[PDB]
Amino acid sequence: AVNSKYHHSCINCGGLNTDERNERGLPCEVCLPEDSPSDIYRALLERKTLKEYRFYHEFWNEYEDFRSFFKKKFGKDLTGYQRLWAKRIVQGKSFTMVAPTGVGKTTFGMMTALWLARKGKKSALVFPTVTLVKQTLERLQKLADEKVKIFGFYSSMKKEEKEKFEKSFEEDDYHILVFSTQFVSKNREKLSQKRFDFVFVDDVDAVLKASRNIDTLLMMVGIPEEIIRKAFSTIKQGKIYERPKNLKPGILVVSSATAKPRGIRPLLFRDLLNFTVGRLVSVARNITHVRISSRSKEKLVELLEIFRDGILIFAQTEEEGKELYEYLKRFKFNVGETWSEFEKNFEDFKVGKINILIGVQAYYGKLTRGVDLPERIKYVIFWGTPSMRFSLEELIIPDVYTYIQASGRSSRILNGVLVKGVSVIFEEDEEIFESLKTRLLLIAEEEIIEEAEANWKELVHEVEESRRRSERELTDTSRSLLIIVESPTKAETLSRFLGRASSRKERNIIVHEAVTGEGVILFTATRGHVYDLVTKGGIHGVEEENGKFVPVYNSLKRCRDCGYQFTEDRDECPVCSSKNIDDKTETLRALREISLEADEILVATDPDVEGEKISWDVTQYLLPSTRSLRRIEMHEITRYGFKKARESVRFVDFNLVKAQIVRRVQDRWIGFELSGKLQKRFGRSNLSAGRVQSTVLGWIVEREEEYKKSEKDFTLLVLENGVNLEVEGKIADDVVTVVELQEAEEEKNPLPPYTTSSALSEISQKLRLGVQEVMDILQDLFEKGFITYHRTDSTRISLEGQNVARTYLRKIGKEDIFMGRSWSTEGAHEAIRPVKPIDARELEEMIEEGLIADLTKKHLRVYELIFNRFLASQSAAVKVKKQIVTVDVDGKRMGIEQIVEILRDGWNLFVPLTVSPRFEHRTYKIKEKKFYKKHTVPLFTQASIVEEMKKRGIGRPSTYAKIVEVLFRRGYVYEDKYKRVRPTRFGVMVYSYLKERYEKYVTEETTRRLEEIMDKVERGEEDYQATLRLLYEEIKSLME
Ligand SMILES: [Cl-]
Ligand SMILES: [Zn+2]
Ligand SMILES: [Zn+2]
Ligand SMILES: [Zn+2]
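When the letters of the sequence shown are read in order and numbered with our numbering, they come out as residues 16 to 1055.
What follows is the structure in structure tokens.
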């Protein structure tokens, strides 16, 4: 622990508790002074301080009682899915059962109703078919005790049985009612006035047919009509409804959704019960993609003699399908078609009378999408790449989405085992194949291998082994995993490759649920930081106890209207008085309640110092609720990044946390003290936000004097059939004589890949953009899974990055110029590089075509520079011929070096290498003399300041862009026509006051030394408390 305090972290009183006790899982000193109690609940009870821990105590008791009852009557323990479902039942929550198909769904809801019946609560079970009503009734009465009241309603009942159901209904003398969806459709008003405690529906599509059916269920769980009218008016208006907290609804559970609720009516569940009817887009796929370079039927015949059984063939058009169906019928293949007798032929394929089925590639074709039997469909073959027609031209592009659907029919989660499938493409067109490969890489991150690198025997052995493992009864391994990030955009990228099935609205945040082979995966976004230092108390929010400093933190509040952020516990914004506050206290409370339901929790913030501090704040808060907390750092937001991050799962690195604390303290103490001294002088407030800001302003102010001092003389000479020459001073002669000419060969190496500083400088200069916007574009590209982590100080490139470079060069047929370079061996992160072998031109094509739609042209250009920078670093050295020409101008000898030829290509393909006209050993005439003055020391630009900051050891990748932009926001600097930064009159006299009284606390030497100290703290090489002592004495000198 880092010995800090948080203002709402106590799990029992909701008040202030220290860092250490939360880590140990204990309440604050006020609630329970004992460090090591036998039981926290009993100790709180004895001291008569038991306020909120009673809820968790009853929650675990209720869940354990539920699970105990399940094992007693079912005989088995709760699976991972049913473990999460049970933890929500005892909490009174309503949800959608997000899981693969199986008998575990109906059995759980049947067991849940029995458990509620044992508590005296009444339940209702709805089934699509009257047959399912009878079977579940049979399962109930076999297991239910004789005391339990179970009644049913279907069409073929006894006359006495129908009357005994109704009579038990009107007298309210029942515990479980088991009727079909037809009963709900025909008895809306009869159920509309009764309030049940649990409703289980097996088919959601029977209810989606009528909006009245949705309202009937909401009436059944105890929602007033006055609430429905306001909610329906809000959603039809396009907004989100807020519930009355005093409402006590029932429990609604949905089993499986075919996910076709086009109407707005299902969205009423999201606003009225905080759960989403799931559009189960399952991304759990394991498919090998192989391309065969021709459409030779002989190879197809040979391939089918290997695959033998369970084969689908997709033709582009019906005529091609008819030809293939006839061709394989003349040959002795058991084949069937789908375009005429779809129903009969597919059933023959299911049972085994047909080995091969032929269809047509439609985006939502019945064979392409409307079939689901992976246990039989093992191999999918495409007789041509599926394609679409894009815009009004005849331009033909691959239909990647149709390919993903058709190939996906061979792989899904079946009986808890994710089966393996094979997709084979017969494509003669190389360019169409290349277009599909990158499209599949962007969406599915799945490669396509060539024919010569595929072992058919091993692949089919893998296919049959996986299915034979799925068909036998499996031992459950499912776990419920929680993923916590801080950025909403990162969560959206996660939902694209994990697959958003359902979504829950938990107080201030939204939690999405997805199906994976390991079980259920939950993920949510924090929307920024959770804690920050309090403004008042002690030394500007830092207390002192036992000679050590304790930082005090409180939850962040962000006003949604004006955006002002503050830490004080206030109902309204202190600047604009609005009450539309993004309150992180509710975010923390939501995470604590989620931590109860999940088996495992992983914090996945950014992999830097700022992200690590956020991770510890969340983990220490969530520790009193669950002990299953760990940390993962993702360097790319992709499937590969998530897998690699989980493989390096670890605990919280406290050295990173302490580095953040000392960095924030330095800005707080130095800034507040300088702001106060500047407050009295120049009137305004918050004029200084750290030591680094003052130092950089000093560079800009003093640059004006030395820029003017450095004015030397130059003369522009344009020579006939030659380049322009800049010579010093006034040149009188009109003839330039070449006296020496040497021509040489060299191998020019490329520039290293981008770091945060180098990317900020080069991109800002070339795109005429400020360094703050470039940083934001870098952040978006990383958060959307296009580049590696953008806050980096290293040029290190891993073998995987080199592997990406080789893959692209192999694609473009220029594999020969590949040259793997690891660059630096030092560095926490890699350099800024693309994560997939896609260049900006292909990205722009898929943006113009709409495969992706949230990248602006500024994002494209920034990505283009990064991609070219990285591949230049991975390309072979360029061979060039140059010349060293010595010329005499006015008796002055001047040597010029210029590249004249490019003998061998290399990284010059990605970064252009300028050549110059060849020089001869003769005299040259001057056409024009452009006389002008240029200063030896040029002024500052935004790119140059960042470049100057790193070379001087000032600033960090997390601060470079921030430091520059703060000067503009304070009005200390401006930009002229040529985008040079220039100090304002206010900025000069602000720096003038500091440089004349407080140079010791502002000077560059102090800034660099403190930065190196804090970097040593980050590595754990210097003491955390000692560093704070040094900061205290420095500010205490000027405090008076
Ligand atoms: Cl065969
Ligand atoms: Zn307490
Ligand atoms: Zn053969
Ligand atoms: Zn406000």
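From the three backbone atoms N, C-alpha and C, an ideal C-beta is built for every residue, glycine too.
Cβ contact annotation for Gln-957 (same chain, cutoff 6 Å, sequence separation greater than five): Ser-779, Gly-785, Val-786 and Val-979, in chain order. Along the length of the segment 226-298, whole beta strand (DSSP E) runs at least 3 residues long occupy 267-271, reported in chain order. C-alpha of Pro-413 to C-alpha of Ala-540: approximately 34 Å in a straight line. Looking at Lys-87, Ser-24, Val-17 and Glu-186, the one whose alpha-carbon comes closest to that of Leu-603 is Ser-24. In the three-state reduction of the DSSP assignment, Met-172 falls in the coil class, being assigned neither a helical nor a strand state. Taking the Cβ of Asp-584 as the reference point, every heavy atom of ligand 4 lies at 6 Å or farther away. For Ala-759, the number of other beta carbons within 10 angstroms of its own is below 16, and it is reported as exposed. Judged by their CB atoms, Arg-607 and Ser-630 are not nearer to each other than the 7 Å cut-off. Taking a 10 Å sphere around the C-beta of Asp-34, we find 16 or more other C-beta atoms and assign the residue as buried. With 16 or more other Cβ atoms from the protein chains shown falling within 10 Å of its own Cβ, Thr-383 counts as buried.
Summarising the contact set, residues whose Cβ lies nearer than 6 Å to any heavy atom of ligand 3 are, in chain order, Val-316, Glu-317 and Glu-320. The beta strand (DSSP E) runs lying completely inside the segment 514-585 and spanning 3 residues or more are 517-521, 524-531, 534-540, 546-548, 557-560, 563-570 and 572-574, given in chain order. If you ignore the 5 residues before and after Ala-704, its C-beta comes within less than 7 Å of the C-beta of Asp-682, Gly-686 and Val-981, all in its own chain and listed in chain order. Placement of the Cβ of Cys-577 at a distance of less than 6 Å from at least one heavy atom of ligand 4 is found. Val-1032 sits in a helix when the DSSP states are folded into three classes.
Contact annotation, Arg-494 with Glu-533: C-beta distance approximately 6 Å; criterion of less than 8 Å satisfied.
Within the same chain, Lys-137, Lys-164, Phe-166 and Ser-183 come within 7 Å of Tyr-189 by CB-CB distance, once the 5 residues on both sides are set aside. Selection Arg-696, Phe-581 and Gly-543 evaluated against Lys-551 yields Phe-581 as nearest (Cα-Cα). Selection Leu-474, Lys-673, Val-118 and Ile-498 evaluated against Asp-217 yields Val-118 as nearest (Cα-Cα). Positions of the beta strand (DSSP E) runs, each at least 3 residues long and wholly inside the segment 370-434, are given as 371-375, 394-398, 402-405 and 410-413 in order along the chain. Contact between the segment 587-597 and the segment 572-579 is present: three or more C-beta pairs spanning the two stretches fall below 8 Å. Only exposed fits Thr-871, as fewer than 16 other CB atoms lie within 10 angstroms of its CB. Taken through DSSP and simplified to helix, strand or coil, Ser-495 comes out as strand. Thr-956 sits in a strand when the DSSP states are folded into three classes. Around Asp-547, the same chain offers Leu-571 and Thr-582 as residues with beta carbons nearer than 6 Å, after the five sequence neighbours per side are excluded. Between the alpha carbons of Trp-838 and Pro-972 lies a distance of about 19 Å. Your pair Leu-232 and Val-193 does not check out as a contact, with CB atoms roughly 16 Å apart and the cut at 8 Å. Between the alpha carbons of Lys-520 and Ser-510 lies a gap of roughly 16 Å. Nearest Cα to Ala-976 within the set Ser-438, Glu-962, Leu-734 and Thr-196: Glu-962. The continuous beta strand (DSSP E) containing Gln-898 extends over residues 893-904. DSSP, reduced to helix, strand and coil, places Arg-937 outside both helices and strands of the structure shown, so it counts as coil.
In the same chain as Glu-943, and ignoring 5 residues on each side of it, the C-beta atoms closer than 7 Å to its own belong to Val-733, in chain order. Taking a contact to require three or more Cβ pairs closer than 8 Å, the segment 791-799 and the segment 899-916 do not qualify as touching.
Cβ-Cβ separation between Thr-710 and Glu-1019: approximately 5 Å, consistent with a contact (criterion under 8 Å).
In the DSSP secondary-structure assignment, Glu-943 is bridged to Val-733. Going by C-alpha positions, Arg-244 is about 45 Å away from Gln-376.
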